[PDB]
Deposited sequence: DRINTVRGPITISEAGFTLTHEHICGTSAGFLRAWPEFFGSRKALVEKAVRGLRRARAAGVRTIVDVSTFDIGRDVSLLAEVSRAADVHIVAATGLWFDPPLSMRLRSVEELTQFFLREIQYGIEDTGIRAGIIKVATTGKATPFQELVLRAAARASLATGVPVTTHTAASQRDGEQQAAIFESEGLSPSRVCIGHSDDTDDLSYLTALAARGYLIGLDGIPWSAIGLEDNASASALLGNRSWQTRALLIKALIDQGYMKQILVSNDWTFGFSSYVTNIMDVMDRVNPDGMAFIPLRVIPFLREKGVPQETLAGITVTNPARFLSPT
């Protein structure tokens, strides 16, 4: 009962899934208005097809595109790349930290209708329904960012669809988001505190993992080992971020881990050549988790059925509507 861009699929059809990915990290209407920024729309489709086929050959069967309205989600692009690559792509709703005036002047009740429109009816005029809700917070929650967290909760409770968040982990936003989700009546088993790998703090993660929250260790290839790339991605290495997966397995929270790359095939919501800077830091792309992180954990003393539990059974339990 998991909604994808090609239609509804079952829990067994999901397989190896990456919980936090992006085909394109852009802005609302941007891809349609300026496709030449990515070379052409043809070039972005071709680069995304080759990148997903690389992930499929590596073991991945499903990717969850957490690109929201304001990240410039184009479900028609998501459907085209999914068809040519034979990889299941799950679409998303919600609002990130770049909402336009028509979204930021809306009440909590109006934002619930929009989220409920994209999950129950469909996205735009395509009929494609959203299977996950993406929300954001950069530091302490602004008066509007609180309404998005609450609206995402009211939409998750009426459909059963899960929530995934953006967090500035060094500032520990996951505790405030958790306090807001719990005040709304949302079950912690339906929420994923993303970007939790941006910190080396383990005491903040185990506290949330004990309450039932899923920990999103999603930006593993993000290593700044360029003032723009050093501020966006990486103070530490990938080995340090991948050791945080092992540190949570050792504490007995193997059922709460969700791994991903947080990769893109086109990036426009930052500096011009950030995609070219990223493409060489990680030449593996979206295939970094099964080819470089899984054999690392196998060498550092973690069995294959613990890793096959994190990648197959954990995201399938998360993405299933309850």
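Missing from the model, by position in the deposited sequence, are residues 1, 227 to 230.
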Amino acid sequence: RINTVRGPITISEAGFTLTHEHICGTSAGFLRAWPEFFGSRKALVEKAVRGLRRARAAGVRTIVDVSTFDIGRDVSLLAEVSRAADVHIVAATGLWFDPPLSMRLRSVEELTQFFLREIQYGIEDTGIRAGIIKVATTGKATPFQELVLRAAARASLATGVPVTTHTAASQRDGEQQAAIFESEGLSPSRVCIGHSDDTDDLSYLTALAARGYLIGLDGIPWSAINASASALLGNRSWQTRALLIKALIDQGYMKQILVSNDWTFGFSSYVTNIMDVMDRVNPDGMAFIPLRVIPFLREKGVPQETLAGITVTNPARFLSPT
From here on, numbers count along this sequence of modelled residues.
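Of the two segments examined, 38 to 46 and 270 to 278, it is 270 to 278 that shows the higher average Cα temperature factor in the deposited entry. In this entry, 139 to 147 shows the higher mean Cα temperature factor of the pair 105 to 113 and 139 to 147. The entry lists C-alpha B-factors for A91, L244, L95, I119, and the highest of these is at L244.
Of the candidates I294, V64, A33, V60, the PDB record gives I294 the highest C-alpha temperature factor. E184: CA B factor lies in the middle third for its chain, per the PDB record.
The entry lists a Cα temperature factor for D86 that places it in the middle third of the chain's modelled residues. For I23, the recorded CA temperature factor ranks within the lowest third of the chain's modelled residues.
Sort the modelled residues of the chain by CA B factor and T165 lands in the middle third. Looking at the C-alpha B-factors along this chain, the one for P290 belongs to the highest third.
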